[PDB]
């Protein structure tokens, strides 16, 4: 099982990244014997996952012999996001590109009702888009919360009332397809490594700034997930010893000063105290509004964003110290004020981590944010490279 799987993935990754490629070149690059290369490629050819123009075809039809390449056309997968009060279902081509996507509002809260609705929506999707669906190989689903990826179990999550929902097994039962379930921040860090702005390093950290604060840590080309998909959670690191009480019951947690709500609340408090701002007449201040005010030079909004940067910089300095990453990516709507935020983050990184660690350290914006299903695409790409999905497709 795991025997063939690993080598099949290694060979397929070489073909995907380096094709058209000869069997002899695959043998040299993979360090596998020609006999092994032959057996692996034959299974992949017969499954129509890869293709070549053979010598016999070349002579027969009067065109050049061409080395092995991935045969993505016709192959597809579903990538889903279970978000706060909604479900996104997207159809992707195997290479990762979105073909169709729909966002469905979800007013269910309790586990059984959420699951019933989600399966109904998958069924409806297959019926509605039947003509555009071809060879669907798998389903990926990403979501906030505690997720056991190995088992496909959501232990608990924001918004919904969930306790150990067997999301992967349930979707697999309803579809017969392999299902890949992951925490969204962790899967997003993988998408940045496979498709995004951390392709150039094997050691990086993605900092997700939204409702909560989380780091998706890539070490040696793979994301750290853990049994609960929570490796890298930043929100309950104490950053102010004498700070506000957190929902967790402790004081001075990062999320008391750096969550979307905490930033909006700060702006609201300073305006109420009589600090001047272009936001002082605005109803229902959003993070977008704050970022647009700061970007446009509003002293109060600038100051609020800089303070946020200092706190983020402190948390990021911690991660740098522990992981020695080669790159830092920032993701979230807060990137709309990056000209203001980044210098604040960077100065605190310089002051709170080793010079040698942060010397050539790029601080950059993530490629993805509103592409909610690209994280699921990354899970599928990595399952092809791990050989897991290849064997499922070969097996039938």
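Positions refer to the first chain, counted from 1.
For the segment pair 356 to 364 and 35 to 43, the entry gives 356 to 364 the higher mean B-factor, averaged over Cα atoms.
As listed in the deposited structure, the average C-alpha B-factor of 320 to 328 and of 238 to 246 is greater for 238 to 246. Looking at the C-alpha B-factors along this chain, the one for residue 222 belongs to the highest third. Residue 17: CA B factor lies in the highest third for its chain, per the PDB record. The PDB entry assigns residue 343 a C-alpha temperature factor belonging to the lowest third of its chain's modelled residues.
Among the modelled residues of its chain, residue 350 has a C-alpha B-factor that falls in the lowest third, as given in the PDB entry. Ranked against the other modelled residues of its chain, the C-alpha B-factor of residue 297 as given in the entry falls in the highest third.
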